[PDB]
Amino acid sequence: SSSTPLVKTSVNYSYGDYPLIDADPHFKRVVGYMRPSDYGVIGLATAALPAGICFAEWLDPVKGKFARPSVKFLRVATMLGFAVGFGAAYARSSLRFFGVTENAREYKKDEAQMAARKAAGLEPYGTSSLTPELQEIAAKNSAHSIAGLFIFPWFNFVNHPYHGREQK
Amino acid sequence: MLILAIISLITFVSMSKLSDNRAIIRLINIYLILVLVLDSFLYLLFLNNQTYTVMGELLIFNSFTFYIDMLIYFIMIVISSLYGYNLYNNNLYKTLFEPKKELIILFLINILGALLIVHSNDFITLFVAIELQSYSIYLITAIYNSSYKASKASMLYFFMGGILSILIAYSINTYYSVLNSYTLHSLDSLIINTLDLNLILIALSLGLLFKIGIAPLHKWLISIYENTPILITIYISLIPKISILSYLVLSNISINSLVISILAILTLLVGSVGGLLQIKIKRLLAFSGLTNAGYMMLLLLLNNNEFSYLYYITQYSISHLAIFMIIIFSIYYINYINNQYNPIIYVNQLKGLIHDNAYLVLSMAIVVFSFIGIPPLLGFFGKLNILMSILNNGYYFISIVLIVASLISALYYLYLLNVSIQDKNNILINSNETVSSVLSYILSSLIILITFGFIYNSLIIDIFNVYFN
Amino acid sequence: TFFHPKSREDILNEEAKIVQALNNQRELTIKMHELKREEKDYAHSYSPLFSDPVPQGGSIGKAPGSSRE
Amino acid sequence: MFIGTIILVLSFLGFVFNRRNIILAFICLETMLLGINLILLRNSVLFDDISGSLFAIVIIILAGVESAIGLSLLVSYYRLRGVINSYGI
Amino acid sequence: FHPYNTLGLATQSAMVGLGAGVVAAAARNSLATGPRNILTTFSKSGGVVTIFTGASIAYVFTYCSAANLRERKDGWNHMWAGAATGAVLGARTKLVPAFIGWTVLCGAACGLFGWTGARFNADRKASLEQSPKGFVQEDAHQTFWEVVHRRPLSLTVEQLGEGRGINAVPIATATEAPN
Amino acid sequence: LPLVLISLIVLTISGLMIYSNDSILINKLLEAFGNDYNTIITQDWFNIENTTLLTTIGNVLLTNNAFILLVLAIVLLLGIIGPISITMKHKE
Amino acid sequence: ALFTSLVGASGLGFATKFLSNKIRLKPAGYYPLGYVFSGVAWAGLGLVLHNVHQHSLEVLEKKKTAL
Ligand SMILES: CCCCCCCCCCCCCCCCCC(=O)OC[C@H](COP(=O)(O)OCCN)OC(=O)CCCCCCCCCCCCCCCCC
Ligand SMILES: CCCCCCCCCCCCCCCCCC(=O)OC[C@H](COP(=O)(O)OCCN)OC(=O)CCCCCCCCCCCCCCCCC
Ligand SMILES: CCCCCCCCCCCC(=O)OC[C@H](COP(=O)(O)OCC[N+](C)(C)C)OC(=O)CCCCCCCCCCC
Ligand SMILES: CCCCCCCCCCCCO[C@H]1O[C@H](CO)[C@@H](O[C@H]2O[C@@H](CO)[C@H](O)[C@H](O)[C@@H]2O)[C@H](O)[C@H]1O
Ligand SMILES: CCCCCCCCCCCCO[C@H]1O[C@H](CO)[C@@H](O[C@H]2O[C@@H](CO)[C@H](O)[C@H](O)[C@@H]2O)[C@H](O)[C@H]1O
């Protein structure tokens, strides 16, 4: 309810050569700040995996003769490809948030969004159902979790104030 | 992606027949390829060796661990290709190499445990991941339950891994009793030189190391590797080793230990000498893995060991996969199938392979001379970097032992090549069946990497100097 | 007259440029060996966001008088 | 500290010097885990710390799964052989 | 140097070797195949107790003696200790050339072990990493791992000795006409 | 019996020595047997809630240590999927 | 240079295709489109390595510039 932090955080830390926006961006922001390139990556994976299994069947077929894989496998393939692509897109947008890749558009968008939020007397980064202690635990669980995309998915859904920026 | 894969494959395999498991393996192989292609840009997070703590402080993510994870994905891709693509479309090769229904799921869960070992920062995560690896790899040894040898190996492996896990848990709980912590970040200069702590730490190191065959506890794992199927041996002889040695290299636990030095010398001598009278192929390769594990034990005494370990583990993985693939390819020309599970056992069954397939023997020669460490191949640069580190850090007797072991191991490495380039009566003149395209390409790619990877050493060092220093 | 060898001065200059490149690589290798094994920050080595090593423990029965510097 | 070390050491010796059974091997593994958990919980009480109890309940879960898997492997061995003998694992 | 107490260290040596031989005999008794009991630990052991005790006594006695005779602490003492230990291990085979070979070869091996520092470990303050390395700066005495562009000539003449080309003054300046 | 007794002595004494940080080896056992002096149990009034050990285990396991719970889930999945793979024979 | 690296990586790809065909006990020109596919694949790997290396050097030069 108070939305004030319990522990000290870095201020404007440098994960790369470009400036920082959010060190633990919300799922909503990471998906809304996506570029058309990210959706293109999503479609690319979605199309590449089923085409991949058909290409494999063309190279070395399971039985003796070539037969296009079942629509069963193509369906599961499309679903898994969309998942892989959403992962890559989320990672690209999150790295734009961290300052690892070029993030000028996202910087100006975040500036305007935060200015509008201040204009509307809203808290920056939102109001949470959780106590401050659970906000802290959630941030510590979710911060920099995209590094483990190869192993597990983890995303921020908690609206905590521990994004690594100045107080205002 | 792995957990998504596991939760997807469990359902999709439950709702599928046994006629579909090969295609399932193909699907998940392409999945892993797409992941390693599209998500590998995350290396930019670790610029200037930026390190991240995740899930509280239960996991650690750096360039070392990202690299080991990419390597484990590459290994899983190759091992899944060996199960998802038939070598020959004959009844024999549909009797020898068939995937079982749950095998891919267990492989992915074991990969999960491997990565949660290397990424571990707290001992609770380490223990959970060690058990998730070891239970899954028990079941992988046991899934071919129509083999007497494999069931026997399953049970031996269960009991010995159980005892060594008891040792790991005792070490962890003693560390906690002393320091009231499960985290090695809790250690510094002051705590090391103020508390005598080497018994606990070396107990942990040995409980982890005897799980990969460090002498004098090597015979049981060598029997397990002998007695298991070939396409299971290729996995269970490599991935646990990568996982545990990577954890022990990232965690600087044995920086100048006398016990680890002694046991590493013993591993070298045993792994070089004991492989000289071996007549079987898998035991020979097991002793090869043992002596390479010794070479990698040596760099647990350094405190700056990332480049040497990563180079050597990458080249050993490539060589291991290549040699097992060559032995898998040689089954078409051996004149006597021994078992449904180990179709080739003895080295003299490779006699005359140069007259049936000469370029397969060229591949074998390249891999054998990389194992020996002959330049310009990759094992030479591996051994060179290891020697550089250990001589920069003052291990002068171990270096001479290393040279002597490199020499003694060459004999049993050359046994294979020698019998392969011998003459044979009843050669092959024609065959209308052709081996797979994909597996041929994979083997050729590994051989070309072994042969021509030295061209990029400058570039690799320049990238290392930015991401690891 | 068929003998057209590169002159001594140009040979010396090319060799000197080669040796300068080699000494540059030497000094780079020394610099990199020194920048490694140099103490890094808590933010660079462990945690760039939560950069406070000081632990704040439980919260359910927090006693005034339990914190200490 | 004492009860746990004693149970652990005696279970380890009864595992190592077992020329009788496989069931004794299973039992000695389980009792070894028990001994570790007891040392762990005594230290948890003395330090007034939860990490020990967390590790202990995790060991309970993991040992249960270990028992399940081990006794499935034994059942496969028995599928093929039909008798689990004094020796030969 | 500081002298070694031969008989005390060798008595500790003998007791340690005896305990180790007992442990190895027990291990052999439990690992063996045939019917065995608590009687056979010393009846059917292949001279393990005598191996351990003889090797221990011989090595420590010879090491400390050579260190006290030579009045030094170096690897040659380990060469002698290995010679003695190999002589003990080779007297078991009741043959002369095997005895000689055992002596000579384990002498060479343990002497290499001593030459390299008498340690399977590292010193770790004499290693190249922890020691001053690279080019030495201003006329300072070159240490072991340091490098120098130009060395002193008095140092060369002392380390090497005069003769066979190497002289305290160059030849051309030494034969230059005083003009 | 010889190896049993040797190992009993060695393992027990090392297990009791391993818990203390003192440098001299004999003193490391002598501190382990130093269970002579009683602990004072004083009472504080700071704990206002009714939190017991199980409550705190749940709190830390579901907030501070959620990852190990969601990994134990996969361990239990193995506990289901392995035994079926090993004991059952799938028709086709 | 980029072009040299791409040519060499394509040569490695041709070598893989050749060695594959020979392990298969086929002629070396069995399916010549595989040479093109191997060339572009290995050239893509080489381009990736080239770009990674170039970004690394740019980083170590930006450090000098900021120094
Ligand atoms: C897992 C199965 C379950 C059963 C478990 C049984 C209980 C577990 C027992 C402990 C854990 C097992 C440890 C495994 C052995 C290897 C331990 C080790 O290597 O650590 C040694 C370490 C020093 O080595 P290091 O750090 O490498 O070198 C630098 C030296 N400054 O650290 C040390 O310096 C060690 C300190 C020396 C004291 C050792 C204590 C032995 C005392 C025995 C005396 C017995 C009395 C005399 C003989 C009686 C026989 C009748
Ligand atoms: C009781 C009173 C005590 C008094 C206090 C002082 C006592 C000191 C005790 C020291 C320890 C003694 C232990 C003796 C070794 C254990 C017994 C043994 O036999 O080991 C070998 C064992 C069985 O061998 P076995 O069944 O007899 O058959 C042999 C046929 N080849 O089979 C095995 O595999 C077990 C191997 C155990 C090895 C431990 C590690 C040794 C490290 C090797 C050092 C190598 C370094 C040298 C490097 C030089 C390089 C050229
Ligand atoms: C990575 C997949 C491994 C699978 C096995 C294939 C080997 C790939 C080697 C690329 C390593 C790299 O380019 O990286 C260099 C790494 C650290 O750099 P990095 O942080 O990982 O960034 C890499 C970013 N990638 C993933 C986008 C590329 O330094 C090392 O010590 C590498 C030591 C390995 C030596 C083996 C050389 C093999 C010859 C290569 C011929 C093309
Ligand atoms: C199988 C063929 C074997 C033949 C190959 C022989 C090569 C063996 C290496 C010989 C060189 C070893 O180099 C040796 O030199 C110096 C003296 O110069 C020794 O001198 C050093 O010994 C150690 C041990 O007391 C201490 O640091 C001591 O203060 C001294 O500085 C080192 O202990 C050893 O490193
Ligand atoms: C087969 C050839 C390859 C053999 C493999 C080993 C190669 C490396 C040789 C061993 C190096 C030994 O080097 C070690 O001993 C020398 C003495 O000689 C010591 O050098 C030190 O000696 C001390 C005297 O004790 C003096 O102060 C001297 O100024 C220096 O500081 C160092 O402690 C260490 O550098």
Side-chain angles (χ1 to χ4, degrees), chain B residues 36 40-44 46-47 62-64 66-75 77 215-219 259 261-263 265-266 268-269 306-315 317-318 378 381-382 387 391 394-401 403-404 448-450 452-457 459-468, chain E residues 15-32 45-46 48 52 109-110 112-113 115-117 120 123 125-128 131-132 141-146, chain F residues 2 5-6 9-10, chain G residues 9 12 42 45-46 48-49 51-53 56:
Chain B
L36 198 70
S40 65
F41 73 97
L42 291 164
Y43 76 97
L44 295 152
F46 318 106
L47 195 82
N62 51 25
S63 313
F64 190 97
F66 191 81
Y67 187 83
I68 291 300
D69 179 41
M70 284 190 288
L71 182 70
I72 284 158
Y73 274 47
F74 179 79
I75 292 158
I77 282 150
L217 282 78
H218 63 283
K219 289 291 204 297
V259 170
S261 303
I262 286 155
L263 296 169
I265 289 156
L266 189 63
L268 292 165
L269 298 172
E306 288 86 39
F307 187 71
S308 295
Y309 175 72
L310 292 182
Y311 197 104
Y312 208 80
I313 197 82
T314 302
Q315 76 88 24
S317 313
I318 290 162
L378 210 63
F381 285 103
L387 285 167
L391 291 171
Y395 302 97
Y396 305 134
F397 184 66
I398 285 163
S399 71
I400 299 160
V401 171
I403 300 311
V404 170
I448 289 293
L449 287 173
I450 294 155
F452 299 103
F454 73 99
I455 287 153
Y456 292 99
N457 282 4
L459 190 143
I460 296 298
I461 291 156
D462 278 334
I463 292 159
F464 187 91
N465 282 335
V466 176
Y467 287 91
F468 280 84
Chain E
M15 288 191 287
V16 168
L18 186 65
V22 166
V23 171
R28 188 177 279 225
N29 209 57
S30 286
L31 291 165
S45 57
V48 301
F52 274 79
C110 297
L112 182 60
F113 168 77
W115 192 7
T116 51
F120 319 103
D123 194 356
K125 291 170 178 181
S127 65
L128 172 55
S131 310
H141 176 259
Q142 180 174 11
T143 54
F144 188 84
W145 298 110
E146 281 179 313
Chain F
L5 214 63
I6 291 157
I9 292 151
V10 167
Chain G
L12 296 176
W42 281 77
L45 298 173
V48 165
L49 275 176
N51 298 344
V52 172
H53 183 255
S56 305

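In what follows, chains are A, B, ... by sequence order, proteins preceding strands, each numbered from 1. Both counts, for ligands and for their atoms, begin at 1 and track the order of listing. Side chains are part of it too, since the values below use all heavy atoms of this structure and drop only hydrogens, waters and symmetry mates.
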Is [atom] less than 4.0 angstrom from some protein heavy atom?
atom: atom 34 (O) of ligand 2; value: yes
atom: atom 3 (C) of ligand 5; value: no
atom: atom 44 (C) of ligand 2; value: yes
atom: atom 41 (C) of ligand 2; value: no
atom: atom 6 (C) of ligand 3; value: no
atom: atom 17 (C) of ligand 2; value: yes
atom: atom 23 (C) of ligand 3; value: no

From the candidates F:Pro2, E:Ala20, B:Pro216, the one that places a heavy atom nearest atom 39 (C) of ligand 2: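 Looking at heavy atoms only, the winner is B:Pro216.
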
I'd like to check which ligand 3 atoms, numbered from 1 as shown, lie under 4.0 Å from a non-hydrogen atom of [X].
X: B:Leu449; result: 41 (C)
X: G:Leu49; result: 13 (O), 42 (C)
X: B:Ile463; result: 15 (C), 18 (O)

E:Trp145, any N or O under 3.5 Å of ligand 5 N or O: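 Yes, at least one N or O pair falls under 3.5 Å.
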
Closest approach of any protein heavy atom to [atom], naming residue and atom:
atom: atom 36 (C) of ligand 3; answer: B:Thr314 CG2, 4.1 Å
atom: atom 26 (C) of ligand 3; answer: B:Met70 SD, 3.3 Å
atom: atom 32 (C) of ligand 3; answer: B:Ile460 CG2, 3.4 Å

Sub-4.5 Å side-chain heavy-atom contact between B:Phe307 and B:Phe468: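 No, every pair of side-chain atoms sits at 4.5 Å or beyond.
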
